[PDB]
file entry-v1.cif (mmCIF, C-alpha atoms)
data_work
loop_
_atom_site.label_atom_id
_atom_site.label_comp_id
_atom_site.auth_asym_id
_atom_site.auth_seq_id
_atom_site.Cartn_x
_atom_site.Cartn_y
_atom_site.Cartn_z
CA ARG A 344 40.25 99.56 63.34
CA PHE A 345 42.69 99.25 60.44
CA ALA A 346 43.75 95.84 59.17
CA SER A 347 47.45 95.15 58.69
CA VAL A 348 49.13 94.11 55.43
CA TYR A 349 47.70 90.57 55.63
CA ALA A 350 44.36 91.79 54.21
CA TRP A 351 44.58 95.41 53.07
CA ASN A 352 41.30 97.27 52.60
CA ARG A 353 40.41 98.11 48.99
CA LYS A 354 37.59 100.60 49.47
CA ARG A 355 35.77 101.71 46.32
CA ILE A 356 34.84 105.37 45.82
CA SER A 357 32.74 106.72 42.96
CA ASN A 358 29.77 109.01 42.23
CA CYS A 359 30.68 111.78 44.66
CA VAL A 360 32.51 115.10 44.94
CA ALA A 361 35.94 114.77 46.57
CA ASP A 362 37.41 117.62 48.63
CA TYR A 363 41.10 116.76 48.95
CA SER A 364 41.79 120.15 50.58
CA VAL A 365 40.82 118.92 54.05
CA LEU A 366 43.36 116.08 53.93
CA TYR A 367 45.84 118.35 52.13
CA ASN A 368 45.74 121.16 54.71
CA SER A 369 45.56 119.05 57.89
CA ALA A 370 48.37 118.81 60.45
CA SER A 371 47.09 115.45 61.77
CA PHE A 372 49.20 113.46 59.28
CA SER A 373 52.84 112.38 59.21
CA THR A 374 53.80 111.91 55.55
CA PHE A 375 52.07 112.81 52.28
CA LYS A 376 53.98 111.75 49.16
CA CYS A 377 53.11 111.44 45.46
CA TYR A 378 54.74 112.53 42.19
CA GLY A 379 52.25 111.12 39.67
CA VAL A 380 50.30 114.38 39.80
CA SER A 381 50.89 117.61 41.69
CA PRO A 382 48.75 117.51 44.87
CA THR A 383 47.76 121.18 44.51
CA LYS A 384 45.55 120.55 41.45
CA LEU A 385 43.92 117.31 42.65
CA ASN A 386 40.54 118.96 43.24
CA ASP A 387 40.12 120.47 39.76
CA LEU A 388 41.12 117.29 37.93
CA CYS A 389 38.30 114.74 37.83
CA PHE A 390 38.44 110.95 37.98
CA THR A 391 36.26 107.88 37.44
CA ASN A 392 37.17 105.32 40.13
CA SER B 441 80.13 112.77 35.20
CA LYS B 442 82.02 111.92 38.39
CA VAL B 443 81.76 108.76 40.48
CA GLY B 444 82.34 110.76 43.67
CA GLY B 445 79.29 112.90 42.92
CA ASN B 446 79.34 116.17 40.98
CA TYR B 447 76.10 117.40 42.51
CA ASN B 448 76.88 121.10 42.07
CA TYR B 449 74.46 120.98 39.10
CA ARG B 450 71.30 122.41 40.67
CA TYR B 451 67.92 123.16 39.14
CA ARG B 452 64.51 124.51 40.10
CA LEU B 453 61.99 121.87 41.14
CA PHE B 454 59.03 124.26 41.17
CA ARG B 455 58.20 127.97 41.13
CA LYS B 456 55.34 130.17 42.30
CA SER B 457 54.52 131.20 38.72
CA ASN B 458 55.93 130.50 35.27
CA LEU B 459 58.61 132.92 34.10
CA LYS B 460 58.58 134.99 30.93
CA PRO B 461 61.02 134.10 28.12
CA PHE B 462 64.69 134.90 28.79
CA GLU B 463 64.02 135.70 32.47
CA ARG B 464 66.78 134.27 34.64
CA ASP B 465 65.96 133.62 38.30
CA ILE B 466 68.54 133.22 41.08
CA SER B 467 66.40 133.63 44.22
CA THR B 468 66.53 130.75 46.71
CA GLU B 469 63.62 131.81 48.91
CA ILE B 470 61.76 128.89 50.48
CA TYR B 471 58.42 128.40 48.75
CA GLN B 472 55.22 127.67 50.67
CA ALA B 473 52.76 125.10 49.31
CA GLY B 474 50.11 125.37 52.01
CA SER B 475 47.92 127.69 54.04
CA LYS B 476 50.43 128.02 56.88
CA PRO B 477 52.97 130.85 56.46
CA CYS B 478 56.46 129.69 55.54
CA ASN B 479 58.56 130.36 58.64
CA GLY B 480 62.26 129.58 58.98
CA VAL B 481 64.50 127.68 56.60
CA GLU B 482 62.30 124.56 56.74
CA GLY B 483 58.73 123.80 57.70
CA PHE B 484 55.56 122.04 56.67
CA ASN B 485 55.00 122.62 52.94
CA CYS B 486 58.27 124.61 53.02
CA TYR B 487 60.91 123.14 50.70
CA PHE B 488 64.10 124.40 49.13
CA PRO B 489 63.17 125.13 45.49
#
call {"tool": "encode", "arguments": {"input": "entry-v1.cif", "output": "C-alpha cells"}}
result
Amino acid sequence: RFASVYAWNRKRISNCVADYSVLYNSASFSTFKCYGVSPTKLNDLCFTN
Amino acid sequence: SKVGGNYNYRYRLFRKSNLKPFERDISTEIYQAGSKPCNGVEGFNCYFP
C-alpha cells in the first residue's frame, strides 16, 4: 500500500550500497525525470542521506 | 528575439563522447541512453540530441 498526498512517506536510507541500475534499466516504470544530476552517473557518485 | 518564436536556434543537449577542439558535428542520429538498442526515430532512452 502507498499513502496518498495527505501523509507522504519519508523513508530514510543510509549505510548501504545503492544499485540504481535496476531501477534505471527497468521497463516497469512510466516516467523517470531529473536534471539535478545526470542519471547515468548516479551509481559512482556517493551520498550521505 | 521574436515574440512569435525564433526557435530555429538549435543546440546539442548531450553527446556520446566529448569532441576534440575545433571539431564541428552535424549528425542528428538518435542517441541511446540505456541497454535496449535504439530502434526507430523515438523509443525508450532514445531522444533527439
call {"tool": "interface_residues", "arguments": {"input": "entry-v1.cif", "of": "chain B", "to": "chain A", "cutoff": "9 Å", "atoms": "only C-alpha atoms", "output": "short mmCIF file (atom, residue, chain, number, x, y, z; two decimals) with C-alpha atoms, in the frame of the given file"}}
result
data_model
loop_
_atom_site.label_atom_id
_atom_site.label_comp_id
_atom_site.auth_asym_id
_atom_site.auth_seq_id
_atom_site.Cartn_x
_atom_site.Cartn_y
_atom_site.Cartn_z
CA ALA B 473 52.76 125.10 49.31
CA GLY B 474 50.11 125.37 52.01
CA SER B 475 47.92 127.69 54.04
CA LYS B 476 50.43 128.02 56.88
CA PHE B 484 55.56 122.04 56.67
#
call {"tool": "atom_distance", "arguments": {"input": "entry-v1.cif", "atom1": "CA of residue 486 (chain B)", "atom2": "CA of residue 472 (chain B)"}}
result
4.9 Å
call {"tool": "residues_around", "arguments": {"input": "entry-v1.cif", "residues": "residue 389 (chain A)", "least_positions_apart": "5", "cutoff": "10 Å", "atoms": "only C-alpha atoms", "output": "VMD selection string"}}
result
chain A and resid 360 to 361 384
call {"tool": "atom_distance", "arguments": {"input": "entry-v1.cif", "atom1": "CA of residue 359 (chain A)", "atom2": "CA of residue 372 (chain A)"}}
result
23.7 Å
call {"tool": "residues_around", "arguments": {"input": "entry-v1.cif", "residues": "region 443-454 of chain B", "least_positions_apart": "4", "cutoff": "12 Å", "atoms": "all atoms listed in the file", "output": "PyMOL selection string"}}
result
(chain A and resi 378+381) or (chain B and resi 458-459+464-473+486-489)
call {"tool": "write_last_selection", "arguments": {"input": "entry-v1.cif", "atoms": "C-alpha atoms", "output": "PDB file, keeping the file's coordinate frame"}}
result
ATOM      1  CA  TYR A 378      54.740 112.530  42.190  1.00  0.00           C
ATOM      2  CA  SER A 381      50.890 117.610  41.690  1.00  0.00           C
TER       3      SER A 381
ATOM      4  CA  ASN B 458      55.930 130.500  35.270  1.00  0.00           C
ATOM      5  CA  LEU B 459      58.610 132.920  34.100  1.00  0.00           C
ATOM      6  CA  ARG B 464      66.780 134.270  34.640  1.00  0.00           C
ATOM      7  CA  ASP B 465      65.960 133.620  38.300  1.00  0.00           C
ATOM      8  CA  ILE B 466      68.540 133.220  41.080  1.00  0.00           C
ATOM      9  CA  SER B 467      66.400 133.630  44.220  1.00  0.00           C
ATOM     10  CA  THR B 468      66.530 130.750  46.710  1.00  0.00           C
ATOM     11  CA  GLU B 469      63.620 131.810  48.910  1.00  0.00           C
ATOM     12  CA  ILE B 470      61.760 128.890  50.480  1.00  0.00           C
ATOM     13  CA  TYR B 471      58.420 128.400  48.750  1.00  0.00           C
ATOM     14  CA  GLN B 472      55.220 127.670  50.670  1.00  0.00           C
ATOM     15  CA  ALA B 473      52.760 125.100  49.310  1.00  0.00           C
ATOM     16  CA  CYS B 486      58.270 124.610  53.020  1.00  0.00           C
ATOM     17  CA  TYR B 487      60.910 123.140  50.700  1.00  0.00           C
ATOM     18  CA  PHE B 488      64.100 124.400  49.130  1.00  0.00           C
ATOM     19  CA  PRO B 489      63.170 125.130  45.490  1.00  0.00           C
TER      20      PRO B 489
END
call {"tool": "residues_near_point", "arguments": {"input": "entry-v1.cif", "point": "(32.4, 106.0, 40.7)", "cutoff": "7 Å", "atoms": "only C-alpha atoms", "output": "PyMOL selection string"}}
result
chain A and resi 356-358+391-392
call {"tool": "write_last_selection", "arguments": {"input": "entry-v1.cif", "atoms": "C-alpha atoms", "output": "PDB file, in the frame of the given file"}}
result
ATOM      1  CA  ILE A 356      34.840 105.370  45.820  1.00  0.00           C
ATOM      2  CA  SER A 357      32.740 106.720  42.960  1.00  0.00           C
ATOM      3  CA  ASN A 358      29.770 109.010  42.230  1.00  0.00           C
ATOM      4  CA  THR A 391      36.260 107.880  37.440  1.00  0.00           C
ATOM      5  CA  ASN A 392      37.170 105.320  40.130  1.00  0.00           C
TER       6      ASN A 392
END
